[PDB]
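Each residue takes its place number in the sequence, starting with 1.
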Amino acid sequence: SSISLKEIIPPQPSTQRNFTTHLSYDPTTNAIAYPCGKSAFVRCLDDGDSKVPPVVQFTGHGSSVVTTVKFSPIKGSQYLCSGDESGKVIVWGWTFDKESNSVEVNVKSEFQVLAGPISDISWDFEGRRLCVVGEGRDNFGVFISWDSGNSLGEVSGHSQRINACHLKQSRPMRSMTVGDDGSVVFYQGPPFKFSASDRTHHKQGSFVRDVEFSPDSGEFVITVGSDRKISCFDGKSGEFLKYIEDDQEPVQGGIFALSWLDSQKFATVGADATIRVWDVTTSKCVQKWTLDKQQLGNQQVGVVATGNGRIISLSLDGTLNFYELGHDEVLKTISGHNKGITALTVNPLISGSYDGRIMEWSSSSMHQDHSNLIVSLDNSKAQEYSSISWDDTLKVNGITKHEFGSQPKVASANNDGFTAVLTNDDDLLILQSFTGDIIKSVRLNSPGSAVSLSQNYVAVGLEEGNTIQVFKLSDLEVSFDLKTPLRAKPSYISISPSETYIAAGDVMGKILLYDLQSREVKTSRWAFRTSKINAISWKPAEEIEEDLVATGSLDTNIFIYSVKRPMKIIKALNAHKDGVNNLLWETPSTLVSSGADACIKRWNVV
Ligand SMILES: [Zn+2]
């Protein structure tokens, strides 16, 4: 008996309005790396099976939000380096096993380099030296050896935050840091030391957001930022050569990032929802790609060349845009969440995160209709969905059909188009999932922290005495208490599909199973988790007697308990960094999970 990882749907890159998201591409593994939440990710652009794992997730930054992920230049080195807001940098390496289909990640070195958050990282072409940069009190960046951490130079010339850096990928080594107040500094080195400074080519007070030396011998260095200027320096002397401008292509917005396709062409991307391709020599824009400027989400917050003219653009809305030099049309788009997932539906698969974004995977549709946490999702009605959010509304296919007078704490929908909601004002409401109408309601005697709506019952977890009261859907005036309360505040309740039992767990990790009818505990034998329970889902039949029950807790684990054999536990550890939020059975043998880490995972239950 087991559970094995069947598929991983990774989140989109982390984003912030007015801020660049530095991406990284690795030719060898044909994959890109990017930060999202508290984990670093590497996603293989390779569809057709390959020896490269689809996804690699590094959780080593613990509680610190990851800011940047960079591939080591050494082909096949499978090493990467990432930084976080706490100012810590980590060099880690992964491992894969196409067989077990298991990915291992082992840290190799960690360094507390900055007081504040790290903004960018860059390796030397030997994959042994690092330019780390960002913000601090006295230090705005450092130059250190990847294994020891001993200083290999000194970041200087900046008084304000450093935004990006880059190491000329060839000898004689040279470096570049760039940041706030139009500051651009050049270094020389192996022992990188201040060489030259510049505060005349980028407007004072502006933000220079990215810098990058041309591939091969790096004959040039280019910096970009909010003043819409593209400055071109010489890769050796660092002398300003010229601005890259084309009369037929005025830059109408601040630039966020750049990436060289080869030694002559490089891409830029910015607030004017445009992806432009330039030729350093002619200073002419050779190719342009646009998106509707009228939509905030189209601003281009990142970019990275992936070889042979292929370019990947990052939208403020987290979308990944694939383009190719010579082809005026966008090749394909990839959307998804970049915020913890809080609501889940199956057959068809739909997900919602705590920012209110909803994802329809059956049509690759991404919605930004709600503007806050998605409490629940209901797809019972054919080709439609009903969503409830902390933005106090109930929407049906992105359209508002109900405005709550009181915020919806938690909710639960059955299969007959009904949704039971518990509000901040301590009310239990029963809505018609698809019209938004409240057909019946009742004031609860105490705040409620959990709901489970079956075909005929409504089980509510009550904070006062952490008891479970069961309501009759058809008549809220009738109800009964289960003989035994919980240990601590109820966190999640799941009524049996046949309404025989009721599984309810608490914020401490206890999960009691009751017999609904007799309202008596049927077993408290299921193993204590020592962590908040966030999800419980009954496995359906392929016997027919309800037995296996999947559950998830803040501790990141998935525990599939058994009614018949309370001592037997099938488990999957580290399912989702920082906790499992949702759990569903889309197939009698397949589980689907969502986590605080904005990941969605499918599992094969053997
Ligand atoms: Zn929509």
Side-chain angles (χ1 to χ4, degrees), residues 15-22 68 116-117 119-120 122 131 133-136 140-141 155-166 174-187 194-214 220-235 237-260 266-280 282-285 288 290 293 296 298-303 313-314 316:
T15 272
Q16 182 170 190
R17 164 110 78 103
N18 306 312
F19 288 88
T20 293
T21 294
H22 301 301
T68 187
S119 62
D120 199 2
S122 163
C131 144
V133 119
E135 200 173 8
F140 285 83
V155 174
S156 311
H158 299 266
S159 51
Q160 242 135 109
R161 150 221 291 150
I162 300 188
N163 291 320
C165 70
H166 196 222
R174 298 282 189 276
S175 179
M176 265 281 222
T177 59
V178 59
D180 298 4
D181 195 37
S183 35
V184 169
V185 165
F186 194 67
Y187 306 64
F194 173 107
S195 174
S197 155
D198 182 314
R199 294 231 195 180
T200 131
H201 301 293
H202 277 309
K203 313 188 79 263
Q204 38 193 68
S206 65
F207 319 86
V208 189
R209 300 178 180 130
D210 204 4
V211 64
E212 202 178 292
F213 285 80
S214 52
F220 307 104
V221 202
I222 288 189
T223 65
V224 308
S226 66
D227 58 30
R228 320 179 167 190
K229 294 287 182 187
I230 306 180
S231 323
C232 185
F233 302 80
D234 162 89
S237 63
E239 172 197 330
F240 173 86
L241 247 44
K242 61 180 180 156
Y243 280 125
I244 298 302
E245 53 203 317
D246 166 2
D247 301 354
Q248 323 301 280
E249 262 311 294
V251 172
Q252 306 141 311
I255 306 193
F256 283 93
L258 86 162
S259 183
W260 292 84
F266 67 89
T268 60
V269 121
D272 54 348
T274 299
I275 301 74
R276 304 180 171 92
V277 172
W278 316 81
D279 177 301
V280 257
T282 66
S283 175
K284 265 169 291 200
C285 170
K288 170 172 55 170
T290 61
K293 279 172 159 103
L296 172 58
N298 293 339
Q299 278 182 27
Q300 296 306 100
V301 130
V303 71
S313 178
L314 175 58
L316 174 47

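Proximity of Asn298 to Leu316: side-chain heavy atoms (C-beta onward) are nowhere separated by under 4.5 Å. The closest side-chain heavy-atom distance from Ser259 to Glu212 is below 4.5 Å. The closest side-chain heavy-atom distance from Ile275 to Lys288 is not below 4.5 Å. Counting only heavy atoms from C-beta outward, the side chains of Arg17 and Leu296 approach each other to under 4.5 Å.
Residues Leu241 and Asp234 approach most closely at CD1-CB, 3.8 Å, considering heavy atoms. Considering every non-hydrogen atom in both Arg209 and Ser226, the closest pair reads NH2-CB, 3.9 Å. Taking each heavy atom of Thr177 and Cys165 in turn, the nearest pair found is CG2-CB, 3.9 Å. Summarising the geometry of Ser119 relative to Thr68, their closest heavy-atom pair is O-CB, 4.2 Å, with the distance given to 0.1 Å. Between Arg161 and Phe140, the shortest heavy-atom contact is N-CE2, 3.3 Å. Closest approach of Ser159 to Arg199, counting heavy atoms only: OG-NH2, 3.8 Å.
When atom types are taken as modelled, the side chain of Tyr187 and the backbone of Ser156 share a donor-acceptor pair closer than 3.5 angstrom. Formation of a donor-acceptor pair under 3.5 Å by the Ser206 side chain with backbone atoms of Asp181 is not found in this model. Between the side chain of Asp120 and the backbone N or O of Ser122 there is no donor-acceptor pair closer than 3.5 Å. Between the side chain of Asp246 and the backbone N or O of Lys284, no donor-acceptor pair lies under 3.5 Å. Although no hydrogens or angles enter the test, the distance criterion places no donor-acceptor pair under 3.5 Å between the side chain of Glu135 and the main chain of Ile162.
Using modelled atom types and a 3.5 Å distance limit, the side chains of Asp180 and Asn163 yield a donor-acceptor pair. A donor-acceptor contact closer than 3.5 angstrom is absent between the side chains of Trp278 and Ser283.
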Steps toward side-chain contact (heavy atoms from CB on, under 4.5 Å) verdict (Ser231, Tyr243): CA-CA 5 Å; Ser231 323; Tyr243 280 125; 3.8 Å; yes
Quick one: do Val211 and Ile222 satisfy side-chain contact (heavy atoms from CB on, under 4.5 Å)? Show the steps, please. CA-CA 6 Å; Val211 64; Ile222 288 189; over 6 Å; no
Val277/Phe266 under side-chain contact (heavy atoms from CB on, under 4.5 Å): CA gap, chis, key distance, verdict: CA-CA 6 Å; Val277 172; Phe266 67 89; over 6 Å; no
Give the C-alpha distance, both sets of side-chain angles, the deciding distance and a yes or no for side-chain contact (heavy atoms from CB on, under 4.5 Å) between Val184 and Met176. CA-CA 7 Å; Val184 169; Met176 265 281 222; 3.6 Å; yes
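The residue from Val251, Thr20, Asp210, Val178 that alone fulfils the side chain to side chain contact (heavy atoms under 4.5 Å, CB included) condition with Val224 is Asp210.
Atom CD1 of residue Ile230 and atom NE2 of residue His202 lie 9.0 Å apart, to the nearest 0.5 angstrom. Note that the CZ atom of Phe233 and the CZ atom of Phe213 stand 10.0 Å from one another [nearest 0.5 Å]. Taken to the nearest 0.5 Å, the CG atom of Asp198 stands 7.5 Å off from the OG1 atom of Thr223. Taking OG1 from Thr274 and CD from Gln299, the interatomic distance works out to 10.5 Å, rounded to the nearest 0.5 Å. Going from atom CZ of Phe207 over to atom OG of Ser183 covers 11.0 Å, rounded to the nearest 0.5 Å. Once rounded to the nearest 0.5 Å, the distance linking NE2 of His22 with CZ of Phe256 reads 11.0 Å.
The six-membered or imidazole ring of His201 lies near that of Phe240, with a centre-to-centre distance under 6.0 Å.
The neighbour count for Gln160 CD, taken as heavy atoms of other residues, nucleotides or ligands under 6.0 Å away, is above 12. Annotation for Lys242: atom NZ counts as buried by contact number, over 12 foreign heavy atoms lying within 6.0 Å.
Using a cut-off of 4.0 Å between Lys/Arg side-chain N and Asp/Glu carboxylate O, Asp272 and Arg228 are scored as not salt-bridged.
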